[PDB]
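Asker: sequence plus experimental coordinates follow:
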Amino acid sequence: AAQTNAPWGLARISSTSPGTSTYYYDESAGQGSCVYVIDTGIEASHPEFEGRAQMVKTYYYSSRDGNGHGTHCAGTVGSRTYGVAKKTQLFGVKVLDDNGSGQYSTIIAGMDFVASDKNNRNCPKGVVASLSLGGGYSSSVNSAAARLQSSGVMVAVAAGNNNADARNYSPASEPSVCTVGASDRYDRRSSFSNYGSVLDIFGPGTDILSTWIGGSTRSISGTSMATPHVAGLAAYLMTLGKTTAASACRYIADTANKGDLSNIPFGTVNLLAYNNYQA
């Protein structure tokens, strides 16, 4: 399938070259997979979600996304126009308040919630969790992400926006999850993207157009935007039967575009997420 005039990041993930604007992908489109977006919530009523998004948990007075960040990330996972996996089921877990902040204890509870809640959902092709969040190093936060991954969920986490080594941030520094850095439309490391040995993969993260609250759209930048590209890609590849939750990060790294990014520091992988779809 071909989506013309797609956001640059979608075009990038199905291309061996930067500078194109059509997204190519298998029509299965993540059907039968599920992606949890652990964030500020999701505006499930947005027409871009086509009824495929729902809130399943909040730790606050509302499950509504009063911020926009979670809606944007969910849109990159699975919205009809802005999403990688256009037929996946999206589940919102609101661990971040409407200012975008959340206590680590609430974030940990949200991860353990997903590990159990997947047993209440129909996801025959597999389960992914997208975590566009993080703070300073915490062994307990890393351990929660490790448990979620161990439970059979492909966990994708943002590397962080400190232009520094991700070893000092969590859950970015957890070895067993998929830590995602950000690139721009010219295949440069995004100027804010963290780096280091713990990174597994880069995805599009600078000037990413997606859904926003109020039934709107907007373009924003961050490793928070790269993460859902990888989460959606994992769901898409699991639906195709090409990988599993336990091995999807390594498979994405195996099949990535290699050596094509600039300003990647020595010792950080030079790997850009790629669907290898042959139309």
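Answerer: Cool, the structure landed. Residues are numbered from 1 along each chain as shown.
Asker: now the element after the lengthiest helix in the chain, going C-ward?
Answerer: Secondary structure assigned by DSSP state H gives helix 223-239 as the longest helix of the chain. Downstream of helix 223-239, the first helix or strand assigned by DSSP states H and E is helix 248-254.
Asker: burial count for the spatially closest residue to residue 196 that is not a sequence neighbour?
Answerer: Spatially, and ignoring its direct neighbours in sequence, residue 196 is nearest to residue 165 (3.8 Å; C-beta to C-beta, 6 or more residues apart in numbering). To be clear about C-beta, it is placed using only N, CA and C from the backbone, and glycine gets the same treatment. Close neighbours of residue 165, defined as other C-beta atoms under 10 Å, add up to 20.
Asker: in terms of contact, does residue 165 touch residue 194 like I think?
Answerer: Yes: when contacts are counted by C-beta atoms under 8 Å, residue 165 is listed as touching residue 194 (6.8 Å).
Asker: for residue 45, grab the count of nearby residues.
Answerer: 11.
Asker: before we move on, which element is it in?
Answerer: Here residue 45 sits in a region with no helix or strand, counting by DSSP H and E.
Asker: for it, which residues are in contact?
Answerer: Residues near residue 45 by C-beta atoms under 8 Å, 6 or more residues apart in numbering: residue 215.
Asker: hmm, 10 Å instead?
Answerer: Residue 45 makes contacts with 51, 53, 64, 213, 215, as judged by C-beta atoms under 10 Å, 6 or more residues apart in numbering.
Asker: dump those residues into a markdown table; add distance to residue 250 and neighbour count as well.
Answerer: Output for these, formatted as a markdown table (distance: C-beta to C-beta, whole Å; neighbours: other C-beta atoms under 10 Å):
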| residue | distance to residue 250 | neighbour count |
| --- | --- | --- |
| 51 | 33 | 9 |
| 53 | 28 | 26 |
| 64 | 36 | 20 |
| 213 | 35 | 22 |
| 215 | 38 | 12 |
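Asker: among the residues you listed, which are in strands?
Answerer: Judged by DSSP state E, the subset of these located in strands is residue 53.
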